[PDB]
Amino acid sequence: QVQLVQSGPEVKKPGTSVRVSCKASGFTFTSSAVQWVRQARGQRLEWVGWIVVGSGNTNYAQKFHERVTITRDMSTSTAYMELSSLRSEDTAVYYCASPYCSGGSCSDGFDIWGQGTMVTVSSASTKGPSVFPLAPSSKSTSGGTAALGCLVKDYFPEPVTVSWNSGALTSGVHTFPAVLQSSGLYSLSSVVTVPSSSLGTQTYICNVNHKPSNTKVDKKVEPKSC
């Protein structure tokens, strides 16, 4: 199929450099171009620069012209963005995009997009989450519905994966976006609403995985009788 495939997530200390790759398949990359655009969570798209694949001719945005390099390897149909002297404000998802080309003919605009690469820039050090139960009780039982969950607290970096009952429980799950705390660590809750009558006959276990800290936690959430 026609696609751009980007390299995996990056976690970098301030002052370092990051290199993100963008692999083209299913179209005539030699006729094409690659732009780089970034997006911080809940913020607008920001243009970094672009390269024409044939010539290798580059053009960078004012903000990045002293610390970005865009390159391509035509033999591997790959483009790269190298961003140096990283700062916390560089934390964003970075996207590559190309005009579709078939032989010499190309789309006017950038219609093929990579899946994005998460880049975190922080002074914070790798830390595994503390996983605490949010136990169902009379205070979390509304009509015939109970709420229960797991608090996944004080981890770095993103992401954590949270499943319920090894992926068997998906309906009614809310895994909230992580909040960055003043400490530089992340915290989130994963909750599920269930029929209150299920609490006696169905076990609820939150499965928390944090690969960077080698953390695997399976927390059984026990109902309270009060």
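All residue numbers are counted from 1 along the displayed sequence.
- Out of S190, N59, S166, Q35, it is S166 whose C-alpha atom has the highest B-factor in the PDB entry.
- Split the chain's modelled residues into thirds by C-alpha temperature factor. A178 is in the middle one.
- In the deposited entry, the Cα temperature factor of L45 sits in the top third of values across the chain's modelled residues.
- Sorting the modelled residues of the chain by their CA temperature factor places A124 in the highest third.
- Sorting the modelled residues of the chain by their CA temperature factor places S7 in the middle third.
- Per-chain ranking of the deposited C-alpha B factor places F29 in the middle third.
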